[PDB]
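S.K.: This block holds the first chain(s) of the complex, placed as they are in the complex; more will follow:
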Amino acid sequence: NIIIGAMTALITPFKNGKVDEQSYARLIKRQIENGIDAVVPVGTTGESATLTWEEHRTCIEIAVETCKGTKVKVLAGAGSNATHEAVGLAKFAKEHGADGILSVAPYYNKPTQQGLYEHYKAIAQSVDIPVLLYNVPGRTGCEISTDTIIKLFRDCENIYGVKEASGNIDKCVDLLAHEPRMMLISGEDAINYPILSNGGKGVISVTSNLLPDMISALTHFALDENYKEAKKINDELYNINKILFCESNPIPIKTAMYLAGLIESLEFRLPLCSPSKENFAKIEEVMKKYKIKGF
């Protein structure tokens, strides 16, 4: 009982300080129409930290209602540095039609490996839908060790894999060599193919917000072991994959979506803000080299 394939960490477009819910549904439809397998509402790319609870819940509802009749699954962003908050988000996502949940490792409080095990066990025991771990130590300040990830996969029936955003291909080999039954998901666009070629079964992408057809083609070429095609797209996408992180995600990707005319206003919620005027031109310069799909 898995959620795999090409997935998009959806941005959360704002307009006049409010979630633009019409653009939000429209962007998800654009993902559905270009071969995306799942959408991740209210992730790191979705500015989950500055959204209220009612906005976090609304973006989940818009994702589930848009994907009805489609196979874009909804891996609802339900992570938190407080276990009771993460259990509450997991319980909401289940009761409102989400196919699974993405649960980021607790940030700022830096739990121990024992605490991470108990944190995700409480989340996994509160629902009966798949739970995908999310490891990003550069943002959280903590690391879910390989041993902890493997234990959670084997002890909790709904925990089926991990979204790795650590730039450590050695750990990816370590995970699948010792536990080949888990679903390793790439959370780093620049190394999507190396993660997929070693046995990864999907991506949760930032670049797919701008180029969903290319991320989708890459992931599915890799899943069919057509590595000559999968690597080609991964190499061609490297420049945009790196320039989308010249500043902290999701500042560059939202700037690109605005430059592509896909969102109406380049609005962030503080402490996030607009990029520099130099980076504004660099992102626009890199975008001119790629085929950006419309609506």
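M.R.: Received the coordinates, thanks. Residues are numbered from 1 along each chain as shown, chains lettered A, B, ... in the order given.
S.K.: and residue A:75, which of the three is it?
M.R.: Three states are possible here, and by DSSP: H, G, I helix; E, B strand; the rest coil the one that applies to residue A:75 is strand.
S.K.: What residues are recorded as beta-bridge partners of it?
M.R.: residue A:100 (DSSP bridges).
S.K.: Break down the stretch 101-250 of chain A into its helices, ranges please.
M.R.: Ranges of helices in the stretch 101-250 of chain A, per DSSP state H, counting those that start in this stretch, are A:113-126, A:137-140, A:146-155, A:169-178, A:192-197, A:212-223, A:227-236, A:238-243.
S.K.: Can you show me the strands along chain A?
M.R.: Defined through DSSP state E, the strands belonging to chain A, from first to last, are A:5-9, A:14-15, A:18-19, A:38-40, A:73-77, A:100-104, A:131-135, A:159-164, A:183-186, A:202-205.
S.K.: could I get these as TSV with distance to residue A:289?
M.R.: Where you see a C-beta, it was placed from the backbone N, CA and C, and this is true even at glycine. Formatted as TSV, the entries for the strands of chain A read as follows, by distance: least, Cβ to Cβ, whole Å:
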stretch	distance to residue A:289
strand A:5-9	21
strand A:14-15	28
strand A:18-19	31
strand A:38-40	26
strand A:73-77	30
strand A:100-104	30
strand A:131-135	30
strand A:159-164	28
strand A:183-186	22
strand A:202-205	18
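S.K.: closest one to residue A:71 among the helices of the stretch 101-250 of chain A?
M.R.: Comparison of the helices of the stretch 101-250 of chain A against residue A:71 by Cβ to Cβ identifies helix A:212-223 as nearest, at 11.8 Å.
S.K.: got the contact list for that closest one?
M.R.: Outside helix A:212-223, the residues that touch it by Cβ atoms under 8 Å, 6 or more residues apart in numbering are A:5-6, A:8, A:30-31, A:34-37, A:189, A:192-193, A:196-197, A:200-203, A:205, A:207-208, A:227, A:229-230, A:233-234, A:236-237, A:290-291, A:293.
S.K.: Of those, which count as buried by neighbour count?
M.R.: A:5-6, A:8, A:30-31, A:34-37, A:189, A:192-193, A:196, A:200-203, A:205, A:207-208, A:230, A:233-234, A:237, A:290, A:293 (16 or more other Cβ atoms under 10 Å).
S.K.: contacting residues around the closest residue to residue A:137 other than its chain neighbours?
M.R.: The shortest distance from residue A:137 to any residue other than its chain neighbours is 4.4 Å, reached at residue A:143 (Cβ to Cβ, 6 or more residues apart in numbering). Neighbour list for residue A:143: A:105, A:135, A:137, A:166 [criterion: Cβ under 8 Å, 6+ apart].
S.K.: Residue A:104 too?
M.R.: When the contact criterion is Cβ under 8 Å, 6+ apart, the partners of residue A:104 are A:43-44, A:77, A:79-80, A:134, A:136, A:140.
S.K.: check contacts around residue A:268.
M.R.: Going by Cβ under 8 Å, 6+ apart, residue A:268 touches A:14, A:47, A:251, A:254, A:274.
S.K.: Another chain to add, chain B:
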Amino acid sequence: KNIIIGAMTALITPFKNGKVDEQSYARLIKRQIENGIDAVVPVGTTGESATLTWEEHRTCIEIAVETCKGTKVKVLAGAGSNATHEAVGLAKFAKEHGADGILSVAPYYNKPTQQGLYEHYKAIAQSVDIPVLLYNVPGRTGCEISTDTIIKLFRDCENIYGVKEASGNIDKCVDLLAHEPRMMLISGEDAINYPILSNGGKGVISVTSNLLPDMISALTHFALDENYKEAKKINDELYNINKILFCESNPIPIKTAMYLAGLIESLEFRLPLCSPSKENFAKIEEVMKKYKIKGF
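M.R.: Placed with the earlier chains, chain B looks like this:
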């Protein structure tokens, strides 16, 4: 500039049956007041601010301002958040409820840019009229408030008067005070309290002061009196306990020490925080033996 300096304690938040033990909390603050502590920091990183509800976060601030009232011990209320609107709400509550100042941690997880950090703290400083002390701890937040950003906020905002550094970078400490000697650098790292104070730091926000407030206060006050021989001596004596209090993630070791010292009733954390390992439980207990722990 209105300042809050000296020896300060990042108060732990004791729980009992899943609720904040408020009688124990006010008793811990009195013990801090009675051992020469100049200010208390409610609901910091040590106070498990991430797992406290909004009502519990507000309650601990209220208890701190009430326990310290009638004394010169100030309340530097923890009011940080990775959401600017959340941090502004916390700053406004602390103001309207008697806090002398606020401690505002750098936004975690979302990693704001240097421009975003400036606008974040500018909005906080303009929302309140009490002193604002920045809090830099890159190992926990994933971002760093650069020296240039800290100095800009200090010079552009009336209420921004310094920073709590928890970065293990004494080079940065020299950088701050060499270019802006009027700021109040506060040590957020117990093991290097004296080196920060000897270069011009004006106080500490301590984890070890929960267990040994008399020693942290004496250390800070020796340094402020330029008695660097006695300040370093205590800093050296405290090195073993200062490091064992971080053998696991704060506040797991300090709460274990407070429990082992009989200062709190139950060794209760709120998930994802939990009790330390068996070996670390013994290591903390062994290091505690070499120190005189004050009672109530």
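S.K.: please look at the contacts of residue A:143 again, because chain B has been put in.
M.R.: Residue A:143 makes contact with A:105, A:135, A:137, A:166, according to Cβ atoms under 8 Å, 6 or more residues apart in numbering or on different chains.
S.K.: Tell me how many other residues crowd residue A:241.
M.R.: Around residue A:241 sit 21 other residues, with neighbours defined as other Cβ atoms under 10 Å in any protein chain shown.
S.K.: okay but it is in contact with residue A:205, surely?
M.R.: No - Residue A:241 is not in contact with residue A:205 according to Cβ atoms under 8 Å; the separation is 9.0 Å.
S.K.: anything in contact with each of the two?
M.R.: Taking Cβ under 8 Å, 6+ apart as the contact definition, residue A:241 and residue A:205 share the neighbouring residues residue A:189.
S.K.: coming back round to it: let's have the contacts of residue A:143 in a markdown table, adding neighbour count.
M.R.: Shown next, in a markdown table, are the contacts of residue A:143 (neighbours: other Cβ atoms under 10 Å in any protein chain shown):
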| residue | neighbour count |
| --- | --- |
| A:105 | 27 |
| A:135 | 25 |
| A:137 | 17 |
| A:166 | 17 |
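S.K.: could I get those residues as a markdown table with distance to residue A:246?
M.R.: What follows is these, written out as a markdown table (distance: Cβ to Cβ, whole Å):
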| residue | distance to residue A:246 |
| --- | --- |
| A:105 | 25 |
| A:135 | 23 |
| A:137 | 21 |
| A:166 | 20 |
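S.K.: how about the residues of the stretch 151-295 of chain A near chain B?
M.R.: Residues of the stretch 151-295 of chain A found near chain B (Cβ under 8 Å from any Cβ of the partner chain) are A:247-248, A:251, A:269-273, A:275-276.
S.K.: now, which of these lie within helices?
M.R.: The subset of these located in helices under the criterion DSSP state H comprises residue A:251.
S.K.: Rebuild the residues of the stretch 151-295 of chain A next to chain B as CSV, extending it with neighbour count and distance to residue A:55.
M.R.: Formatted as CSV, the entries for those read as follows, by neighbours: other Cβ atoms under 10 Å in any protein chain shown; distance: Cβ to Cβ, whole Å:
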residue, neighbour count, distance to residue A:55
A:247, 23, 23
A:248, 20, 20
A:251, 28, 19
A:269, 18, 10
A:270, 20, 15
A:271, 29, 17
A:272, 28, 15
A:273, 21, 19
A:275, 23, 23
A:276, 15, 27
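S.K.: And the furthest pair within the residues of the stretch 151-295 of chain A next to chain B?
M.R.: So, those by Cβ to Cβ: farthest apart are A:269 and A:276, at 18.5 Å.
S.K.: Kindly indicate which of the residues of the stretch 151-295 of chain A next to chain B lies nearest residue A:160.
M.R.: Distance ranking of those against residue A:160, using Cβ to Cβ, places residue A:248 first at 29.0 Å.
S.K.: Verify the stated contact: residue A:234 with residue A:192.
M.R.: Yes - with the criterion set as Cβ under 8 Å, residue A:234 and residue A:192 qualify as a contacting pair; they are 5.7 Å apart.
S.K.: can you list the residues of the stretch 1-150 of chain A near chain B?
M.R.: For the stretch 1-150 of chain A, the residues in contact with chain B under the definition Cβ under 8 Å from any Cβ are A:44, A:47, A:49-50, A:81-84, A:104, A:106-112, A:114-116, A:118-119, A:122, A:138-142.
S.K.: Alright, I will stop here.
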